[PDB]
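Before any comments, here is the structure.
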Amino acid sequence: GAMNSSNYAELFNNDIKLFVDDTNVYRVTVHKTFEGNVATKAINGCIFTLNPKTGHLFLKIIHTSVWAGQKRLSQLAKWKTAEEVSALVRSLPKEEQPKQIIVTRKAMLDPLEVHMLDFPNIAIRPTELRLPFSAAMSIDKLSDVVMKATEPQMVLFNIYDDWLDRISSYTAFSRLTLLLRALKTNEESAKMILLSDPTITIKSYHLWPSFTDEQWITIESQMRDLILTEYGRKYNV
Amino acid sequence: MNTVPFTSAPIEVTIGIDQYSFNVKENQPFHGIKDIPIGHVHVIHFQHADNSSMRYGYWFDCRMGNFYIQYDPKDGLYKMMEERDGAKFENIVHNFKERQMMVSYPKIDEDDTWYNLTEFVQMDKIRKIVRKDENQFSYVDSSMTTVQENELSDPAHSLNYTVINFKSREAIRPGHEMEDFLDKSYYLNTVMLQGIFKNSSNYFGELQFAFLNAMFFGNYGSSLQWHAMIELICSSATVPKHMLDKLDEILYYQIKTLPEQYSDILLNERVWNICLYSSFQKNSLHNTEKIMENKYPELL
């Protein structure tokens, strides 16, 4: 059934499973035309497909060319997502194919379901969680590879860098969601917190700074403080 | 004009024939139904005064033989049987008429309702959905489950309706995922009309038969089947013009005939709101839309 706070630890068991988030697949700028009418220009997007246990991230870059001459693009975006996910599953060795795919938005269910008909034993699940994966384009390296792409491209990352060398998946996932939640509520402040110290660098093969354990605790504290404050401002509490 | 005699009426029961019905008291001298219009299928049905559970009944066609009803005190129900001795049967019928113990099938001459509800229903097809080949008539009751329902137990007692499933390989051509799921014309016209049903009349016929079983027996999987077959047509962008017009006529009479108090379980809000207002064929069901709004605007 649906994934929620109750069955949360199931992410970290040894059943292979993937989150799919489509929130950055069809991206546009909205602008005015010479005649004063509004028009959109698409920019490159991505499917965010992530194994929460291992950190592997299958970043499928959606080049603007895929929208050329197409109608009902926001509807089409859901089907292309499901097409590309299904192809990713087909490309994987049997023993790497997920047992579950969890879509962050319920509108992906039918599209993914229809594309996966060939995989009747892969369960497609919605979730009641409010995951921040739309903020994935606030990670500089991810945003850069998307915006620079000139054709369809799959790029592979580990979204936990080397954390699992030192912490469990559960803890790694809570770090990732806290970082992305903060980037989502206030990107400028979030990014400030992460790079304030010029002496902590991002390895070339990494996405995040090489904080020590103790520095991660200060960071996580700084990110929690950011999130709470924005909440009072939003609701005047 | 044909006759279905009854041996007796030992238990208090409400007896239906097609859309008509009569209360018969325990051991009332009821001995049958006469003047049944030849040329259509018919259903005779029962609901015991003591068990408003399990409505049950027999689909039949008097051209296919002489049928009569007899209560079975062991199995506890009114059973349909065939009399093969043609002379023994006219004798029974003539004497019961003479003694005037039979009701007349009460058709108003202006009335095309039964024709309109059974236009495409053919006994030969009914006997394929309800498989019991030693009998020429077909039993259905409230609780029989469908082949589709069974897949998700006893097959001898199943309703073998044609399985429709919008999220199956059957329904979706590889490479046309989005197209075929949003526009079911290929499932409808190639898979179901050309492939399985062969023509629109047999399609209409199963649809009509499923409605009728949902109405007369409250058979829930029949109701699911009737809705599925409407939705496939309404969710197809490309439907022969002859089917659309006929569909509006079919639904119209079905909506017209349904007991008013039953609209809540027999009518599926989603399917109807999608067919009448969102689907490709929203504007092709003018009579069905008009009757639905003036009679069940709540559901919509």
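Protein sequences appear in the order of chains A and B.
Okay, so the first sequence: first residue is 1833 according to the authors' numbering, each after it adds one.
Mapped onto the authors' numbering, the consecutive letters of the second sequence carry residue numbers 1 to 152, 170 to 317.
Cβ atoms here follow ideal geometry from the backbone N, Cα and C, with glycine treated the same way.
Which of helix, strand or coil DSSP assigns to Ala1834(A):
In this structure, DSSP gives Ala1834(A) a state outside helix and strand, which the three-state scheme calls coil.
Reducing DSSP to helix, strand and coil, say where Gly39(B) ends up.
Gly39(B): coil per DSSP, three-state reduction.
Closer than 8 Å to chain A by CB, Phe198(B):
Yes, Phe198(B) counts as interfacial toward chain A.
Assuming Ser2053(A) and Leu2015(A) make a contact with CB atoms under 8 Å, what is their CB distance in whole Å?
Going by Cβ atoms, the distance from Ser2053(A) to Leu2015(A) rounds to 16 Å, so no, they are not a contact pair.
According to the Cβ coordinates, are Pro5(B) and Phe96(B) closer than 8 Å?
A Cβ-Cβ contact shorter than 8 Å links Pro5(B) with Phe96(B).
Can you tell which of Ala1834(A), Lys1892(A) and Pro1930(A) has its C-alpha closest to the C-alpha of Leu1850(A)?
For the options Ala1834(A), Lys1892(A) and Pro1930(A), the alpha carbon positioned closest to that of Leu1850(A) is the one of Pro1930(A).
Nearest to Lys1980(A) (by Cα), restricted to the options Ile1875(A), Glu1842(A) and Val1870(A):
Among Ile1875(A), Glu1842(A) and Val1870(A), the Cα nearest to that of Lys1980(A) belongs to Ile1875(A).
So the candidates are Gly1901(A), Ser2001(A) and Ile1848(A); which of them puts its Cα closest to the Cα of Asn1953(A)?
The shortest C-alpha separation from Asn1953(A) is found at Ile1848(A).
Could you pull the DSSP bridge partners for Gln70(B) from this structure?
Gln70(B) is bridged by DSSP to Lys79(B).
If we ignore side chains and look at the alpha-carbon of each, how far apart do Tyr2063(A) and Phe1890(A) end up?
The straight-line gap from Cα to Cα measures roughly 32 Å.
In whole angstroms, give me the CA-to-CA distance for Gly238(B) and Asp171(B).
Cα-Cα distance, rounded: 15 Å.
Excluding the five sequence neighbours on either side, which residues of its own chain have a C-beta within less than 8 Å of the C-beta of residue 2084(A), listed in chain order?
This structure cannot settle anything about residue 2084(A), because the visible part of chain A is limited to 1833 through 2069.
Which of helix, strand or coil does DSSP assign to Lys1849(A)?
Here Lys1849(A) sits in strand by DSSP.
Quick one: using the 10 Å Cβ neighbour count with 16 as the cut-off for buried, is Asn1839(A) buried or exposed?
The C-beta of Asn1839(A) has fewer than 16 other C-beta atoms within 10 Å across all chains shown, which makes the residue exposed.
In angstroms, rounded to a whole number, what distance separates the CA positions of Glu90(B) and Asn23(B)?
Counting only the Cα atoms, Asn23(B) lies some 26 Å from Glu90(B).
Beta-carbon within less than 6 Å of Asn285(B)'s beta-carbon, same chain only, minus the 5 sequence neighbours each way: which residues are those?
Excluding residues within five positions, the ones whose Cβ falls inside 6 Å are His244.
Cα-Cα separation between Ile250(B) and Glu1916(A), rounded to whole angstroms
The alpha-carbon atoms of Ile250(B) and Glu1916(A) are separated by roughly 30 Å.
Interface flag, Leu1905(A) vs chain D, CB-CB below 8 Å:
Considering every chain present, this structure includes no chain D. Its protein chains are A and B.
Mind listing the chain B neighbours of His1947(A)? Cutoff is C-beta to C-beta under 8 Å, in chain order.
Within chain B, the residues placing a beta-carbon under 8 Å from that of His1947(A) are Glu194, ordered along the chain.
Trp59(B) bridges to which residues according to DSSP?
According to DSSP, residue pairing for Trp59(B) in a beta bridge involves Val43(B) and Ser138(B).
Would you call the CB atoms of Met1835(A) and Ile1934(A) closer than 8 Å?
Yes, Cβ-Cβ distance for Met1835(A) and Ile1934(A) is below 8 Å.
Output, in sequence order along the chain, the residues in the segment 1894-1920 of chain A whose CB is closer than 9 Å to any CB in chain B.
Listed by position along the chain: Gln1907, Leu1908, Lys1910, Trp1911, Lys1912, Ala1914, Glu1915 and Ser1918.
Answer yes or no: does any C-beta atom of chain A fall closer than 8 Å to that of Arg190(B)?
No, no contact with chain A.
Taking the alpha-carbon of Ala1909(A) as reference, which of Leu1944(A), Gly1887(A), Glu1927(A) and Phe1965(A) has the nearest alpha-carbon?
The residue with the shortest Cα to Cα distance from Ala1909(A) is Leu1944(A).
Give a yes or no on whether the minimum CB-CB distance between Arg55(B) and chain A is below 8 Å.
Against chain A, the CB of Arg55(B) has no partner CB under 8 Å away; the residue lies outside that interface.
Could you tell me which residues DSSP pairs with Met54(B) in its beta bridges?
None, per the DSSP bridge assignment.
By the three-class DSSP mapping on this structure, what secondary structure does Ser143(B) have?
Note: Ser143(B) maps to coil in three-state DSSP.
Spatial neighbours of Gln1985(A) in its chain, beta-carbon cut-off 7 Å, leaving aside the 5 residues before and after:
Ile1893.
So which of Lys1926(A), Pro1964(A) and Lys1903(A) has the shortest CA-CA distance to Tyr1858(A)?
Out of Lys1926(A), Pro1964(A) and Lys1903(A), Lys1903(A) has the C-alpha closest to the C-alpha of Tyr1858(A).
Going by other Cβ atoms of all chains shown within 10 Å of its Cβ, with 16 needed for buried, is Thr1936(A) buried or exposed?
Buried: at least 16 other Cβ atoms inside 10 Å.
Would you mind reading off the limits of the alpha helix (DSSP H) that contains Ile1956(A)?
It is not in any alpha helix (DSSP H) - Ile1956(A) instead sits in the beta strand (DSSP E) that spans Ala1955 to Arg1957.
Could you check whether the segment 1999-2006 of chain A touches the segment 2022-2038 of chain A, counting it as contact only if at least three pairs of C-beta atoms, one from each stretch, sit closer than 8 Å?
Too few Cβ pairs lie closer than 8 Å, so no.
From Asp18(B), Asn216(B), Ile282(B) and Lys299(B), pick the residue whose C-alpha is nearest to that of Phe120(B); which is it?
Per the C-alpha coordinates, the member of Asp18(B), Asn216(B), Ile282(B) and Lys299(B) positioned closest to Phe120(B) is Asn216(B).
Taking the CB atoms as reference points, tell me whether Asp18(B) and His48(B) lie closer together than 8 Å.
Taking the C-beta atoms as reference points, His48(B) is found no nearer than 8 Å to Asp18(B).
Could you tell me whether the Cβ of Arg127(B) comes closer than 8 Å to any Cβ of chain A?
No Cβ of chain A is located within less than 8 Å of the beta carbon of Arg127(B).
Are the CB atoms of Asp1993(A) and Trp2048(A) within a distance shorter than 8 Å?
Not a contact, by the Cβ cut-off of 8 Å.
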